[PDB]
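For the record, the sequence lines run as chains B and D.
To convert a position in the first sequence, counted from 1, into the deposited numbering, add 370.
To convert a position in the second sequence, counted from 1, into the deposited numbering, add 5.
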Amino acid sequence: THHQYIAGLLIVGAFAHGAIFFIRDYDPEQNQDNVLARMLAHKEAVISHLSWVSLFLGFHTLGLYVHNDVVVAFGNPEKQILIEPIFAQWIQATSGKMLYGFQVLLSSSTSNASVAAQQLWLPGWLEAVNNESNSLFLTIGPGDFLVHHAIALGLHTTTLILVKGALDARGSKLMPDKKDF
Amino acid sequence: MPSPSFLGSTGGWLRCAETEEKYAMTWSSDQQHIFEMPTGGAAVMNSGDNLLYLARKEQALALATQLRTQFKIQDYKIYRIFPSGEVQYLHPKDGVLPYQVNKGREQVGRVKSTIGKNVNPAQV
Ligand SMILES: CC1=C(/C=C/C(C)=C\C=CC(/C)=C/C=C/C=C(C)/C=C/C=C(C)/C=C/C2=C(C)CCCC2(C)C)C(C)(C)CCC1
């Protein structure tokens, strides 16, 4: 979490100085005709998509959460609309397990894709992931998915907030002389 | 000069007011009236001109704005400097600022586009 918080810091520092670059160093007269100047001639469409994502991942992540709490409070945890991240379960299938049997990656040691480069280091791979005592690709399920859904929600919202502040830095409709300060 | 009497202290006997420039207003006051200071309660306005002390410029202009709405009286405000320099900063033209005057001039005026271009081609 130490390096995690400092990672978020460096991200914000990069984007803040990017906004300063657009204010004190950008010039539409020189960078014209490329793709960078073409961005902020139509950037409103990009801001629209990002706002839509921020609303979508909210009404469903937190909406699922409210359903979970309300139906568990009523004494029916089974009526709860549970969720299974089969995409994140596929990561566990990639670990070389040969007992799955539903045409997933690394489910059979005879497949040429699995046979390719399984001569030396794969024996340790399969032995290291087929354990409940290590932290090499843990089990993933509902309480594991819905938080990743929430992380996507918060991170996409954060992305929009960090980008639009640098986009509407020279001016906006509320204030087009923002560059004059 | 006969000035309205006010009680409550607060305004007077401030060191900062003594070391800082002070404002002095006046008004005709053809009739005995009762008004309110911008920083005090109520006080009776005596006949003839009345000189007061003010510590802020906005305080010196809001009182003139309030007097103009009551009755129709010309206002005079004089702004003194720290040592003893007394200059007429209010109505240097003696013509009301919103109304048109003959003595015209331009100070700090850039005549360029509206999005920006903050460079000034000429200060005077
Ligand atoms: C705003 C601003 C700025 C900044 C920006 C930025 C910083 C951005 C970013 C971003 C980011 C931060 C990104 C990231 C990324 C990544 C990517 C984009 C990738 C990719 C791809 C792929 C496809 C992959 C694949 C793979 C491989 C390779 C192997 C393994 C597996 C996988 C799948 C992963 C500037 C200053 C400029 C300007 C102004 C302001």
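Positions of the beta carbon are idealized from the N, C-alpha and C atoms, including for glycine.
{"query": "Per-residue contacts from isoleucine 78/D into chain B (C-beta, under 8 Å)", "result": "What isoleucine 78/D touches in chain B: nothing, since even the nearest Cβ is about 40 Å away."}
{"query": "Selection of the segment 110-128 of chain D by Cβ proximity to chain B, strictly under 7 Å", "result": "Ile120, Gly121 and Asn123"}
{"query": "Neighbour list for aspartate 550/B in chain D, Cβ cutoff strictly below 7 Å", "result": "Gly121 and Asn123"}
{"query": "Length of the line joining the Cα atoms of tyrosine 435/B and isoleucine 531/B", "result": "24 Å"}
{"query": "9 Å Cβ cut-off: residues of chain D touching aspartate 547/B", "result": "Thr119, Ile120 and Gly121"}
{"query": "Cross-strand partners of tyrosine 84/D (DSSP beta bridge)", "result": "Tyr28/D and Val92/D"}
{"query": "Option nearest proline 88/D by Cα separation, candidates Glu23/D, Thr31/D, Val113/D and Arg61/D", "result": "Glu23/D"}
{"query": "Cβ separation of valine 517/B and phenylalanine 507/B, assumed to be a contact under 8 Å, to the nearest whole Å", "result": "Actually they do not touch by this definition, with Cβ atoms about 17 Å apart."}
{"query": "Closest by C-alpha distance to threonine 464/B, when choosing among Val405/B, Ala407/B, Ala522/B and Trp495/B", "result": "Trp495/B"}
{"query": "Closer than 9 Å to chain D by CB, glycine 541/B", "result": "yes"}
{"query": "Delimiting residues of the beta strand (DSSP E) encompassing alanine 47/D", "result": "47-50"}
{"query": "Exposure label - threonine 431/B; buried when at least 16 CB within 10 Å", "result": "buried"}
{"query": "CA-to-CA distance, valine 382/B to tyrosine 375/B, given in whole angstroms", "result": "11 Å"}
{"query": "Any non-hydrogen atom of ligand 1 within 8 Å of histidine 387/B CB", "result": "yes"}
{"query": "Complete runs of the alpha helix (DSSP H) confined to the segment 444-492 of chain B [at least 4 residues]", "result": "456-463 and 482-485"}
{"query": "Cβ neighbour criterion (16 or more within 10 Å) applied to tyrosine 104/D", "result": "exposed"}
{"query": "Residue range of the unbroken beta strand (DSSP E) whose run includes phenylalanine 40/D", "result": "38-41"}
{"query": "Distance, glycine 378/B Cα to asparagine 482/B Cα", "result": "42 Å"}
{"query": "Outcome for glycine 53/D when other beta-carbon atoms lying within 10 angstroms are tallied against a minimum of 16", "result": "exposed"}
{"query": "Neighbourhood of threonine 31/D by C-beta, 7 Å cutoff - its chain only, sequence neighbours within 5 removed", "result": "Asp54, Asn55, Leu56 and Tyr81"}
{"query": "Inter-residue CB distance, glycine 16/D and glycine 46/D (contact presumed, cutoff 8 Å)", "result": "At roughly 11 Å, the Cβ-Cβ gap does not stay under 8 Å, so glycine 16/D and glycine 46/D are not in contact."}
{"query": "Neighbourhood of residue 130/D by C-beta distance below 6 Å, restricted to the same chain and skipping five residues each side", "result": "Chain D is shown only over 6 to 129; residue 130/D falls outside these bounds and no answer can be derived."}
{"query": "Cutoff 6 Å; reference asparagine 51/D; Cβ partners in own chain excluding five residues on either side", "result": "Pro7"}
{"query": "Alpha-carbon to alpha-carbon, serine 505/B and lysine 543/B", "result": "51 Å"}
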